[PDB]
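A short worksheet on the structure shown next.
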Amino acid sequence: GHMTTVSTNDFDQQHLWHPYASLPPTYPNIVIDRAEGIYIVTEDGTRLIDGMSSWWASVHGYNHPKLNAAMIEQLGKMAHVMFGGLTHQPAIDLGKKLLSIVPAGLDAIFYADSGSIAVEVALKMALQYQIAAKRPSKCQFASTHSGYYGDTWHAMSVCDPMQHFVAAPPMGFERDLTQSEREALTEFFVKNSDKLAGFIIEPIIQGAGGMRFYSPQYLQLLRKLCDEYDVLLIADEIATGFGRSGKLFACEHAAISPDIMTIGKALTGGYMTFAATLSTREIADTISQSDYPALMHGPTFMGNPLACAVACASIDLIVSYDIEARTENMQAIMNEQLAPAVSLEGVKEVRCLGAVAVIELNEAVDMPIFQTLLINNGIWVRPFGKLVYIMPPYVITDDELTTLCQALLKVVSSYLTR
Amino acid sequence: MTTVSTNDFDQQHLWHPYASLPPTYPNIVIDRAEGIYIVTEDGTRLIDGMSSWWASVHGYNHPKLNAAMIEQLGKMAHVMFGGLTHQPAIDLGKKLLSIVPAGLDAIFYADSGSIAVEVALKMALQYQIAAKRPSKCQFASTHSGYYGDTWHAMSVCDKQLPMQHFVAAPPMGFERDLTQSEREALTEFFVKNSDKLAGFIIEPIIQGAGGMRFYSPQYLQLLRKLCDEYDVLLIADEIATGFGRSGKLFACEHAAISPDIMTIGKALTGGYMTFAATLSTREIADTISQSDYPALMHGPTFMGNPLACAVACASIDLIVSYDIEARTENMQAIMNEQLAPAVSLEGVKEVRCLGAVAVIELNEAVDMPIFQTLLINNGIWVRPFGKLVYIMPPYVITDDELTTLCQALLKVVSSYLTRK
Ligand SMILES: *Cc1c(COP(=O)(O)O)cnc(C)c1O
Ligand SMILES: *Cc1c(COP(=O)(O)O)cnc(C)c1O
């Protein structure tokens, strides 16, 4: 029985763009002062459980002592040094850690400033590879109809220049493919493979594209087709990587390895922008031994040592958790607590996988109404379209997670009153 | 005799910028940095003449940058910018609007310079669509520019990569007057093409990665007038020039013009971390915002990162505390005096200095393996490209440090040319 009204920072409101709002926005942004654990804290002292982990990334929560200490240790040596002609121990130590954990066969690492740049580099690698392999007709990309891979211009092109699309994979993590579905994908490759440098996909969970979960069988078939038809499989694990689907990398659900993989977000525990593009040795060698041996990208802050150092700490934490058990427990609690939402007339369905839960509504969320329910219930959630979803941090306790899910179910129920 | 540290894991597994894997020459392992120096794993200090690619303008391990980082870490390294804001974003924004060219009023924080450029181009396209000039859907630049390595930025850099429009590289020389023929050609380009152009993008005064070229403020003044008269947005990429590099805080100041859109980065954070911003006029922000597509269609996950904002506040406060014009005029004077004798060397074409940039342009491309073997023993780190041996030292460098750097550089260049 409440509505909470936040106070507008006039400077923000007039002068600063934010990702999904006009300038000025119709409704002001909430000023956050600090954060700790699973909580963000408003300028007035109100603590809110961040159910979003700051868009998938803050998987250890906020103000983590180990992450902070790792950042500070590196700071005392150097925040940054250029990577042209120079290297450093954080880059080396991170690289060794990554090669020890990522899907087998990935052997070369291109550090990037952001996920979208990692994707741009993945696409460039694939193009240069095919040119080096003397298959210059293989100059386009394919994806499924429901994907998302970043907001830079090349990434935009395979998000739902011209590219090629197949059906969105069928919804349902436990659903078996049909013969018709298998044949259609196969037919797509028979028809188009000579034009395709690569097929790019988010493995298992398609995020910004609709929070869709699909079968590992789809990925298994895709891997086999890419093998037989000489198309590189590019797995965008920027959102899924480091545990989110219930395995360390979502590719593991299918027990496949991609030719190229992008990672980011949870890589640094959400502390700072950073990403990487990994490839096989075959790709790195083929390019490197070609007429164009240099990979034609190089961000100014490539390899940033501070990002590398926090990433080492973040990976060590993930490995320490028993990430499969942790996320299995998260899934079980979110499913139990949120399943009763289906009782509500304006709810379509509820679906949980690993450390992701989605309450899909029948109609688009009216954001101000929903949010004016947020503060009074002690939580922060950011819907998109018809989706009210959470991606909580792996450090969340059972009691904290229960509090978050009970609060969310109260918010959704109260919202569906208006 | 110096033995530097190298690393077999790096050599086999880590890509470096625009490099093969493995590279033909190994990377030097850096352990730490302090002041103007980088320090190898074996303890060898090298003056970094590059400021880590234009950005480390206060040097390394600066106590005020470090303090800003530590202070923000105690509060939060990061929080999402969707529906939320924070004081570092606000305070940085206020600082920026106080110093940037007049008319810039709206700020889009970005993860990197390349993304800032991508966002600038998108703003310009959305603006023309909102203004009901949807034919204005292409971009122009000069030959010899550089604006980042992402796919849209690549297209304005000198079927699947989109076509754009180019004019001649501006004439070399900061003090050079334009000719009537040069004025007419540029004008003719606008008469011909302006109905197709959403914007004209350029690095003001100094064109960096494209050739370390200096050109006249008269050129930028003419371009601003043409863009005004022909309804083409002027996009000034100040990612490298911003915060003092050309001898003014922003290189646009040489021409006493303001762009419609400006990108900044690099020195913005004192080179501590990747971060950038795209600024526009109110007219652009409003016109989009009041259109059928009111939302600017970009949003990196780490947009507005508070840690980056907090170190950028500290970096700007430092720049404002310097007399940036006097500091860079003194740097120019020293670099010119110390490096001018290079022109007497067979295989040097010319030497040019402007503000805190010095370029020794050679007749032939630098043979990098040879060049590398002279660095360590002379106590400096410089990274040539093409035919160019250039430095962009930090604003904190002392007269004696800068003298040491330039005398060492002249010794390296001289020994390189006779070996080549
Ligand atoms: C977030 C995301 C990206 C983009 O990373 P940014 O850091 O926003 O540039 C790319 N791909 C996927 C799957 C992501 O979730
Ligand atoms: C460095 C630079 C960029 C690119 O910034 P990144 O951080 O490498 O993406 C864009 N424009 C200019 C003028 C620059 O110097």
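Every chain in the structure tokens has a letter given in the order shown (A, B, ...), and although residue numbers restart at 1 in each chain, ligands are simply numbered from 1 in the order shown.
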Which chains and residue numbers are within 9 Å of ligand 2, counting only C-alpha atoms and all ligand atoms, if I want them as a count of residues only?
44
List the spatial neighbours of residue 406 of chain B as number ranges by chain - criterion: any atom at most 12 Å away, only C-alpha atoms, same-chain residues fewer than 5 positions off excluded.
B: 47-49, 331-342, 357-360, 378-382, 389-393, 397, 399-401, 411-413
The selected residues should be written to file as an mmCIF file, in the first residue's frame (atoms: C-alpha atoms).
```
data_model
loop_
_atom_site.group_PDB
_atom_site.id
_atom_site.type_symbol
_atom_site.label_atom_id
_atom_site.label_comp_id
_atom_site.auth_asym_id
_atom_site.auth_seq_id
_atom_site.Cartn_x
_atom_site.Cartn_y
_atom_site.Cartn_z
ATOM 1 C CA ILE B 47 61.257 7.605 -20.092
ATOM 2 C CA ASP B 48 57.961 6.954 -21.845
ATOM 3 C CA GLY B 49 57.946 9.478 -24.616
ATOM 4 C CA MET B 331 57.392 21.860 -24.122
ATOM 5 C CA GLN B 332 57.150 22.919 -27.757
ATOM 6 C CA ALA B 333 60.072 25.312 -27.414
ATOM 7 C CA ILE B 334 62.321 22.693 -25.830
ATOM 8 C CA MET B 335 61.404 19.881 -28.256
ATOM 9 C CA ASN B 336 61.940 22.248 -31.243
ATOM 10 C CA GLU B 337 65.351 23.399 -30.002
ATOM 11 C CA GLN B 338 66.551 19.898 -29.139
ATOM 12 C CA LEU B 339 65.205 18.007 -32.106
ATOM 13 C CA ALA B 340 65.729 20.582 -34.948
ATOM 14 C CA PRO B 341 69.241 19.256 -35.650
ATOM 15 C CA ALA B 342 67.736 15.982 -36.844
ATOM 16 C CA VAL B 357 53.775 16.818 -29.852
ATOM 17 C CA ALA B 358 57.088 16.363 -31.768
ATOM 18 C CA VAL B 359 57.528 14.460 -34.993
ATOM 19 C CA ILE B 360 60.707 13.377 -36.804
ATOM 20 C CA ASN B 378 69.423 4.920 -24.291
ATOM 21 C CA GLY B 379 66.921 4.933 -21.405
ATOM 22 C CA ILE B 380 63.790 5.762 -23.454
ATOM 23 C CA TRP B 381 60.626 4.223 -24.792
ATOM 24 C CA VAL B 382 59.259 5.465 -28.123
ATOM 25 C CA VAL B 389 59.342 8.834 -34.962
ATOM 26 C CA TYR B 390 57.205 10.945 -32.672
ATOM 27 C CA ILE B 391 56.721 11.803 -28.993
ATOM 28 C CA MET B 392 53.824 13.028 -26.959
ATOM 29 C CA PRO B 393 55.374 13.500 -23.484
ATOM 30 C CA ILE B 397 57.824 16.425 -17.495
ATOM 31 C CA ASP B 399 62.836 20.781 -18.467
ATOM 32 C CA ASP B 400 65.786 18.497 -17.671
ATOM 33 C CA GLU B 401 63.734 15.313 -18.156
ATOM 34 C CA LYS B 411 71.044 9.599 -30.594
ATOM 35 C CA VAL B 412 68.678 6.683 -31.375
ATOM 36 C CA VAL B 413 67.513 8.166 -34.694
#
```
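Comparing the minimum interatomic distances between residue 196 of chain A and each of A:404, A:233, A:310, A:275, counting only C-alpha atoms, we find that A:233 sits nearest.
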Produce as a tab-separated table (two decimals) with N, CA and C atoms, in the first residue's frame the set of residues near ligand 1, where near means within 6 Å with only C-alpha atoms and all ligand atoms considered.
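File part14.tsv, as written:
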```tsv
chain	number	residue	atom	x	y	z
A	114	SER	N	35.62	-3.47	-24.30
A	114	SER	CA	34.21	-3.67	-23.98
A	114	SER	C	33.71	-4.90	-24.75
A	115	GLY	N	32.51	-5.36	-24.36
A	115	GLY	CA	31.93	-6.51	-25.02
A	115	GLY	C	31.69	-6.25	-26.49
A	116	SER	N	31.18	-5.06	-26.84
A	116	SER	CA	30.88	-4.76	-28.24
A	116	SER	C	32.19	-4.78	-29.06
A	148	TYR	N	21.36	-10.97	-29.59
A	148	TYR	CA	22.01	-9.68	-29.27
A	148	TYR	C	23.50	-9.77	-29.01
A	149	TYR	N	24.31	-8.91	-29.64
A	149	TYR	CA	25.81	-9.04	-29.60
A	149	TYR	C	26.52	-7.68	-29.39
A	150	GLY	N	25.81	-6.67	-28.90
A	150	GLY	CA	26.43	-5.32	-28.68
A	150	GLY	C	25.82	-4.29	-29.60
A	202	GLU	N	24.55	-16.51	-28.98
A	202	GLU	CA	24.64	-16.63	-27.51
A	202	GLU	C	24.28	-18.08	-27.14
A	236	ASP	N	29.05	-16.07	-28.22
A	236	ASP	CA	29.12	-14.87	-27.43
A	236	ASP	C	28.68	-15.18	-26.00
A	237	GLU	N	29.68	-15.37	-25.15
A	237	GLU	CA	29.51	-15.70	-23.76
A	237	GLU	C	29.70	-14.44	-22.84
A	238	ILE	N	29.48	-13.26	-23.38
A	238	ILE	CA	29.66	-12.04	-22.57
A	238	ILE	C	28.70	-12.02	-21.38
A	239	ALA	N	27.45	-12.45	-21.58
A	239	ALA	CA	26.45	-12.50	-20.49
A	239	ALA	C	26.47	-13.86	-19.79
B	300	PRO	N	26.14	1.32	-23.63
B	300	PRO	CA	27.11	0.26	-23.24
B	300	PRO	C	26.78	-0.15	-21.69
B	301	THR	N	26.94	-1.42	-21.38
B	301	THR	CA	26.67	-1.93	-20.02
B	301	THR	C	27.37	-1.12	-18.88
```
Tell me the residues of chain B close to chain A, meaning within 6 Å using only C-alpha atoms, as a JSON list (two decimals) with N, CA, C and O atoms, in the first residue's frame.
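Below is the file iface.json, written as the result:
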```
[["chain", "number", "residue", "atom", "x", "y", "z"],
["B", 13, "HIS", "N", 50.49, -16.63, -26.92],
["B", 13, "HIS", "CA", 49.05, -16.65, -26.61],
["B", 13, "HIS", "C", 48.32, -15.31, -26.57],
["B", 13, "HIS", "O", 47.09, -15.31, -26.64],
["B", 14, "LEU", "N", 49.05, -14.19, -26.46],
["B", 14, "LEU", "CA", 48.40, -12.89, -26.32],
["B", 14, "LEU", "C", 48.62, -11.99, -27.55],
["B", 14, "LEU", "O", 49.76, -11.61, -27.85],
["B", 15, "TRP", "N", 47.51, -11.63, -28.19],
["B", 15, "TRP", "CA", 47.58, -10.63, -29.21],
["B", 15, "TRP", "C", 47.91, -9.24, -28.64],
["B", 15, "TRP", "O", 47.49, -8.89, -27.51],
["B", 17, "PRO", "N", 48.33, -4.90, -30.11],
["B", 17, "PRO", "CA", 47.68, -4.12, -31.19],
["B", 17, "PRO", "C", 48.33, -4.27, -32.53],
["B", 17, "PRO", "O", 49.58, -4.19, -32.65],
["B", 18, "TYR", "N", 47.46, -4.54, -33.52],
["B", 18, "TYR", "CA", 47.87, -4.64, -34.90],
["B", 18, "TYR", "C", 49.14, -5.46, -35.04],
["B", 18, "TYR", "O", 50.12, -5.02, -35.69],
["B", 19, "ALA", "N", 49.11, -6.64, -34.41],
["B", 19, "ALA", "CA", 50.31, -7.49, -34.31],
["B", 19, "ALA", "C", 49.99, -8.88, -34.77],
["B", 19, "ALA", "O", 48.79, -9.28, -34.81],
["B", 20, "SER", "N", 51.01, -9.57, -35.24],
["B", 20, "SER", "CA", 50.84, -11.01, -35.49],
["B", 20, "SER", "C", 51.10, -11.78, -34.16],
["B", 20, "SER", "O", 51.63, -11.27, -33.12],
["B", 21, "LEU", "N", 50.71, -13.04, -34.21],
["B", 21, "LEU", "CA", 50.87, -13.93, -33.05],
["B", 21, "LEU", "C", 51.49, -15.28, -33.48],
["B", 21, "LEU", "O", 50.82, -16.04, -34.18],
["B", 27, "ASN", "N", 57.64, -8.70, -26.78],
["B", 27, "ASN", "CA", 57.25, -7.58, -25.95],
["B", 27, "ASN", "C", 58.06, -7.52, -24.67],
["B", 27, "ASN", "O", 58.45, -8.58, -24.12],
["B", 28, "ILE", "N", 58.40, -6.32, -24.23],
["B", 28, "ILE", "CA", 59.15, -6.10, -22.99],
["B", 28, "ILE", "C", 58.19, -6.14, -21.80],
["B", 28, "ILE", "O", 57.11, -5.48, -21.82],
["B", 29, "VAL", "N", 58.50, -6.97, -20.82],
["B", 29, "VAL", "CA", 57.67, -7.04, -19.61],
["B", 29, "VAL", "C", 57.93, -5.83, -18.73],
["B", 29, "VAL", "O", 59.04, -5.57, -18.28],
["B", 30, "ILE", "N", 56.86, -5.07, -18.48],
["B", 30, "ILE", "CA", 56.88, -3.89, -17.59],
["B", 30, "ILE", "C", 56.32, -4.33, -16.24],
["B", 30, "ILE", "O", 55.25, -4.86, -16.19],
["B", 32, "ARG", "N", 56.19, -1.97, -13.38],
["B", 32, "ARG", "CA", 55.61, -0.84, -12.63],
["B", 32, "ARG", "C", 55.96, 0.43, -13.36],
["B", 32, "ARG", "O", 56.68, 0.38, -14.37],
["B", 33, "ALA", "N", 55.44, 1.53, -12.89],
["B", 33, "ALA", "CA", 55.70, 2.83, -13.50],
["B", 33, "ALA", "C", 55.61, 3.93, -12.43],
["B", 33, "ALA", "O", 54.94, 3.77, -11.38],
["B", 52, "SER", "N", 51.95, 6.55, -22.97],
["B", 52, "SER", "CA", 51.04, 5.41, -23.23],
["B", 52, "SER", "C", 49.95, 5.72, -24.27],
["B", 52, "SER", "O", 48.78, 5.52, -24.05],
["B", 75, "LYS", "N", 33.31, 3.51, -2.18],
["B", 75, "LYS", "CA", 31.88, 3.76, -2.33],
["B", 75, "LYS", "C", 31.29, 2.71, -3.29],
["B", 75, "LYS", "O", 30.44, 1.89, -2.89],
["B", 76, "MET", "N", 31.75, 2.70, -4.52],
["B", 76, "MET", "CA", 31.41, 1.67, -5.51],
["B", 76, "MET", "C", 32.27, 1.85, -6.73],
["B", 76, "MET", "O", 32.37, 2.95, -7.26],
["B", 77, "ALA", "N", 32.86, 0.76, -7.24],
["B", 77, "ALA", "CA", 33.61, 0.81, -8.49],
["B", 77, "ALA", "C", 32.65, 1.06, -9.65],
["B", 77, "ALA", "O", 32.99, 1.81, -10.58],
["B", 78, "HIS", "N", 31.47, 0.46, -9.57],
["B", 78, "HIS", "CA", 30.51, 0.50, -10.68],
["B", 78, "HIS", "C", 29.10, 0.31, -10.15],
["B", 78, "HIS", "O", 28.88, -0.49, -9.25],
["B", 79, "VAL", "N", 28.17, 0.99, -10.80],
["B", 79, "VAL", "CA", 26.74, 0.64, -10.71],
["B", 79, "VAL", "C", 26.14, 0.95, -12.07],
["B", 79, "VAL", "O", 26.59, 1.87, -12.77],
["B", 80, "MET", "N", 25.13, 0.18, -12.44],
["B", 80, "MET", "CA", 24.43, 0.39, -13.75],
["B", 80, "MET", "C", 23.81, 1.78, -13.86],
["B", 80, "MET", "O", 23.40, 2.38, -12.86],
["B", 82, "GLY", "N", 21.18, 2.50, -15.89],
["B", 82, "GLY", "CA", 19.79, 2.41, -16.33],
["B", 82, "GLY", "C", 18.83, 2.71, -15.20],
["B", 82, "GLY", "O", 18.70, 1.90, -14.24],
["B", 83, "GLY", "N", 18.27, 3.91, -15.23],
["B", 83, "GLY", "CA", 17.39, 4.37, -14.18],
["B", 83, "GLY", "C", 18.06, 4.90, -12.95],
["B", 83, "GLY", "O", 17.37, 5.35, -12.05],
["B", 84, "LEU", "N", 19.41, 4.89, -12.93],
["B", 84, "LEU", "CA", 20.21, 5.27, -11.79],
["B", 84, "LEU", "C", 21.25, 6.26, -12.24],
["B", 84, "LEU", "O", 21.71, 6.21, -13.39],
["B", 85, "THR", "N", 21.64, 7.17, -11.38],
["B", 85, "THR", "CA", 22.78, 8.04, -11.61],
["B", 85, "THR", "C", 23.65, 8.09, -10.37],
["B", 85, "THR", "O", 23.39, 7.41, -9.35],
["B", 86, "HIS", "N", 24.71, 8.90, -10.43],
["B", 86, "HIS", "CA", 25.62, 8.96, -9.29],
["B", 86, "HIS", "C", 26.41, 10.26, -9.30],
["B", 86, "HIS", "O", 26.48, 10.97, -10.30],
["B", 106, "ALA", "N", 25.08, 18.49, -23.84],
["B", 106, "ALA", "CA", 24.56, 17.13, -23.51],
["B", 106, "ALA", "C", 25.73, 16.17, -23.61],
["B", 106, "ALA", "O", 26.55, 16.28, -24.54],
["B", 107, "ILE", "N", 25.80, 15.25, -22.68],
["B", 107, "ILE", "CA", 26.97, 14.37, -22.55],
["B", 107, "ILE", "C", 26.47, 12.90, -22.56],
["B", 107, "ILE", "O", 25.59, 12.52, -21.72],
["B", 108, "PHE", "N", 27.08, 12.09, -23.42],
["B", 108, "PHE", "CA", 26.86, 10.61, -23.50],
["B", 108, "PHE", "C", 28.19, 9.98, -23.11],
["B", 108, "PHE", "O", 29.15, 10.02, -23.87],
["B", 151, "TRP", "N", 33.61, -0.81, -36.59],
["B", 151, "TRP", "CA", 33.34, -0.92, -38.02],
["B", 151, "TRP", "C", 32.87, 0.41, -38.61],
["B", 151, "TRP", "O", 33.26, 0.74, -39.74],
["B", 152, "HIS", "N", 32.04, 1.16, -37.89],
["B", 152, "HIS", "CA", 31.54, 2.44, -38.44],
["B", 152, "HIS", "C", 32.68, 3.48, -38.48],
["B", 152, "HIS", "O", 32.87, 4.20, -39.46],
["B", 160, "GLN", "N", 30.66, -4.95, -47.40],
["B", 160, "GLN", "CA", 30.20, -4.99, -46.01],
["B", 160, "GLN", "C", 30.72, -3.79, -45.16],
["B", 160, "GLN", "O", 30.14, -3.51, -44.09],
["B", 272, "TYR", "N", 44.48, 6.29, -16.97],
["B", 272, "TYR", "CA", 44.35, 5.19, -15.98],
["B", 272, "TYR", "C", 43.45, 4.06, -16.45],
["B", 272, "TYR", "O", 43.65, 2.92, -16.09],
["B", 274, "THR", "N", 40.12, 2.94, -19.59],
["B", 274, "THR", "CA", 39.36, 3.27, -20.74],
["B", 274, "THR", "C", 38.06, 3.95, -20.37],
["B", 274, "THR", "O", 37.34, 3.47, -19.52],
["B", 289, "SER", "N", 15.36, 13.97, -29.19],
["B", 289, "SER", "CA", 14.45, 13.63, -28.06],
["B", 289, "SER", "C", 12.96, 13.93, -28.38],
["B", 289, "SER", "O", 12.09, 13.28, -27.84],
["B", 294, "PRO", "N", 12.69, 9.03, -29.96],
["B", 294, "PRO", "CA", 13.28, 9.97, -29.01],
["B", 294, "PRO", "C", 14.53, 9.47, -28.28],
["B", 294, "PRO", "O", 15.29, 10.29, -27.76],
["B", 295, "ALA", "N", 14.73, 8.15, -28.22],
["B", 295, "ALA", "CA", 15.79, 7.58, -27.45],
["B", 295, "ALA", "C", 16.98, 7.49, -28.37],
["B", 295, "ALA", "O", 16.87, 7.08, -29.52],
["B", 299, "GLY", "N", 23.83, 2.19, -25.63],
["B", 299, "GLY", "CA", 23.88, 2.02, -24.20],
["B", 299, "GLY", "C", 24.85, 0.94, -23.77],
["B", 299, "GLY", "O", 24.47, -0.21, -23.46],
["B", 302, "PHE", "N", 28.60, -0.71, -19.14],
["B", 302, "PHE", "CA", 29.38, 0.05, -18.16],
["B", 302, "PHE", "C", 29.27, 1.57, -18.37],
["B", 302, "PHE", "O", 30.10, 2.35, -17.82]]
```
Contacts of residue 280 of chain B within 10 Å, only C-alpha atoms, excl. fewer than 4 positions in-chain, as an MDAnalysis selection string
(chainID A and resid 15) or (chainID B and resid 103:108 120 123:124 235 259:263 284:285)
Can you write just those residues out, N, CA and C atoms, as an mmCIF file, in the first residue's frame?
```cif
data_model
loop_
_atom_site.group_PDB
_atom_site.id
_atom_site.type_symbol
_atom_site.label_atom_id
_atom_site.label_comp_id
_atom_site.auth_asym_id
_atom_site.auth_seq_id
_atom_site.Cartn_x
_atom_site.Cartn_y
_atom_site.Cartn_z
ATOM 1 N N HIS A 15 21.338 17.143 -18.558
ATOM 2 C CA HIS A 15 22.616 17.119 -19.271
ATOM 3 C C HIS A 15 23.180 15.723 -19.585
ATOM 4 N N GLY B 103 28.442 25.941 -26.381
ATOM 5 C CA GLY B 103 27.331 25.310 -27.117
ATOM 6 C C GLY B 103 27.166 23.838 -26.820
ATOM 7 N N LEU B 104 28.244 23.135 -26.438
ATOM 8 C CA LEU B 104 28.104 21.734 -26.082
ATOM 9 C C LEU B 104 27.410 21.683 -24.729
ATOM 10 N N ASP B 105 26.322 20.898 -24.683
ATOM 11 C CA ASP B 105 25.423 20.906 -23.524
ATOM 12 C C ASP B 105 24.939 19.546 -23.028
ATOM 13 N N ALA B 106 25.083 18.487 -23.838
ATOM 14 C CA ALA B 106 24.563 17.134 -23.514
ATOM 15 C C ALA B 106 25.731 16.173 -23.614
ATOM 16 N N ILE B 107 25.800 15.247 -22.685
ATOM 17 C CA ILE B 107 26.974 14.370 -22.552
ATOM 18 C C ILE B 107 26.469 12.897 -22.558
ATOM 19 N N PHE B 108 27.083 12.090 -23.421
ATOM 20 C CA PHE B 108 26.858 10.609 -23.501
ATOM 21 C C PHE B 108 28.193 9.976 -23.108
ATOM 22 N N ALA B 120 28.658 9.277 -31.751
ATOM 23 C CA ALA B 120 28.593 10.560 -32.480
ATOM 24 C C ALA B 120 27.938 10.397 -33.850
ATOM 25 N N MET B 123 24.197 9.768 -33.433
ATOM 26 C CA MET B 123 23.543 11.010 -33.081
ATOM 27 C C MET B 123 23.285 11.846 -34.329
ATOM 28 N N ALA B 124 24.299 11.973 -35.156
ATOM 29 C CA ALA B 124 24.162 12.762 -36.385
ATOM 30 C C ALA B 124 23.104 12.161 -37.319
ATOM 31 N N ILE B 235 31.638 17.331 -36.623
ATOM 32 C CA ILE B 235 31.997 16.405 -35.512
ATOM 33 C C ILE B 235 33.514 16.510 -35.323
ATOM 34 N N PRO B 259 32.329 22.740 -32.386
ATOM 35 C CA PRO B 259 31.716 21.714 -33.187
ATOM 36 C C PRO B 259 30.279 21.483 -32.727
ATOM 37 N N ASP B 260 29.504 20.780 -33.554
ATOM 38 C CA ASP B 260 28.159 20.345 -33.150
ATOM 39 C C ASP B 260 28.219 19.174 -32.186
ATOM 40 N N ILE B 261 29.194 18.299 -32.425
ATOM 41 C CA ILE B 261 29.445 17.106 -31.641
ATOM 42 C C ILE B 261 30.957 17.010 -31.438
ATOM 43 N N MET B 262 31.363 16.621 -30.229
ATOM 44 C CA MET B 262 32.772 16.461 -29.896
ATOM 45 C C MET B 262 32.949 15.153 -29.139
ATOM 46 N N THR B 263 33.954 14.414 -29.527
ATOM 47 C CA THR B 263 34.371 13.211 -28.787
ATOM 48 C C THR B 263 35.675 13.525 -27.994
ATOM 49 N N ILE B 284 20.818 19.258 -31.002
ATOM 50 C CA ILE B 284 20.852 17.843 -31.381
ATOM 51 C C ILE B 284 20.078 16.992 -30.328
ATOM 52 N N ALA B 285 20.383 17.212 -29.038
ATOM 53 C CA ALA B 285 19.740 16.431 -27.973
ATOM 54 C C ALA B 285 18.184 16.554 -28.032
#
```
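Within segment 175-336 of chain A, DSSP run on the backbone puts these residues in strand (DSSP E): residues 196, 197, 198, 199, 200, 201, 205, 206, 212, 213, 232, 233, 234, 235, 236, 260, 261, 262, 263, 275, 276, 277, 278, 279 and 280 of chain A.
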Same residues, N, CA and C atoms, saved as a short mmCIF file (atom, residue, chain, number, x, y, z; two decimals), in the first residue's frame:
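Here's the written file part-v2.cif:
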```
data_model
loop_
_atom_site.label_atom_id
_atom_site.label_comp_id
_atom_site.auth_asym_id
_atom_site.auth_seq_id
_atom_site.Cartn_x
_atom_site.Cartn_y
_atom_site.Cartn_z
N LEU A 196 29.45 -17.94 -45.89
CA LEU A 196 29.53 -17.67 -44.44
C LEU A 196 30.90 -17.85 -43.86
N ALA A 197 31.44 -16.77 -43.31
CA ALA A 197 32.65 -16.81 -42.52
C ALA A 197 32.39 -17.39 -41.16
N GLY A 198 31.21 -17.11 -40.62
CA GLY A 198 30.92 -17.52 -39.25
C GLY A 198 29.44 -17.51 -38.96
N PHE A 199 29.08 -18.26 -37.92
CA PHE A 199 27.75 -18.26 -37.35
C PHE A 199 27.96 -17.83 -35.88
N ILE A 200 27.30 -16.76 -35.47
CA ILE A 200 27.40 -16.22 -34.15
C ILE A 200 26.14 -16.45 -33.39
N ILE A 201 26.29 -16.80 -32.10
CA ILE A 201 25.14 -17.09 -31.27
C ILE A 201 25.53 -16.91 -29.78
N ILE A 205 21.35 -19.19 -23.46
CA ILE A 205 20.51 -18.08 -23.06
C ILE A 205 20.71 -16.94 -24.03
N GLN A 206 19.61 -16.51 -24.65
CA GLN A 206 19.62 -15.34 -25.51
C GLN A 206 19.02 -14.20 -24.67
N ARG A 212 15.53 -15.79 -23.54
CA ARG A 212 15.08 -17.08 -24.10
C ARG A 212 16.09 -18.18 -23.72
N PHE A 213 15.62 -19.32 -23.27
CA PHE A 213 16.45 -20.47 -22.95
C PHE A 213 16.19 -21.52 -24.02
N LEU A 232 32.93 -20.90 -39.16
CA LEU A 232 33.40 -20.73 -37.75
C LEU A 232 32.24 -20.53 -36.83
N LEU A 233 32.23 -21.28 -35.71
CA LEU A 233 31.23 -21.06 -34.67
C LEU A 233 31.77 -20.01 -33.67
N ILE A 234 31.03 -18.92 -33.55
CA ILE A 234 31.42 -17.82 -32.62
C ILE A 234 30.37 -17.83 -31.49
N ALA A 235 30.82 -18.08 -30.27
CA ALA A 235 29.91 -18.16 -29.12
C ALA A 235 30.12 -16.87 -28.36
N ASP A 236 29.05 -16.07 -28.22
CA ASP A 236 29.12 -14.87 -27.43
C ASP A 236 28.68 -15.18 -26.00
N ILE A 260 35.61 -19.39 -31.85
CA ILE A 260 35.88 -18.07 -31.27
C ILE A 260 34.86 -17.90 -30.14
N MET A 261 35.33 -17.34 -29.02
CA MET A 261 34.46 -17.01 -27.88
C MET A 261 34.72 -15.63 -27.39
N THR A 262 33.64 -14.90 -27.14
CA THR A 262 33.74 -13.57 -26.49
C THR A 262 33.29 -13.71 -25.01
N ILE A 263 34.01 -13.01 -24.13
CA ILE A 263 33.68 -12.91 -22.71
C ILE A 263 33.81 -11.45 -22.23
N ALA A 275 36.86 -6.88 -21.74
CA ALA A 275 36.34 -8.05 -22.44
C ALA A 275 37.46 -8.78 -23.09
N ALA A 276 37.19 -9.90 -23.71
CA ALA A 276 38.25 -10.61 -24.45
C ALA A 276 37.59 -11.44 -25.53
N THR A 277 38.37 -11.65 -26.56
CA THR A 277 38.01 -12.55 -27.68
C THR A 277 39.05 -13.62 -27.75
N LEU A 278 38.62 -14.88 -27.64
CA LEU A 278 39.48 -16.02 -27.68
C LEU A 278 39.27 -16.79 -28.99
N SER A 279 40.36 -17.33 -29.52
CA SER A 279 40.26 -18.18 -30.70
C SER A 279 41.09 -19.44 -30.54
N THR A 280 40.84 -20.38 -31.44
CA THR A 280 41.73 -21.49 -31.58
C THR A 280 43.12 -21.06 -32.08
#
```
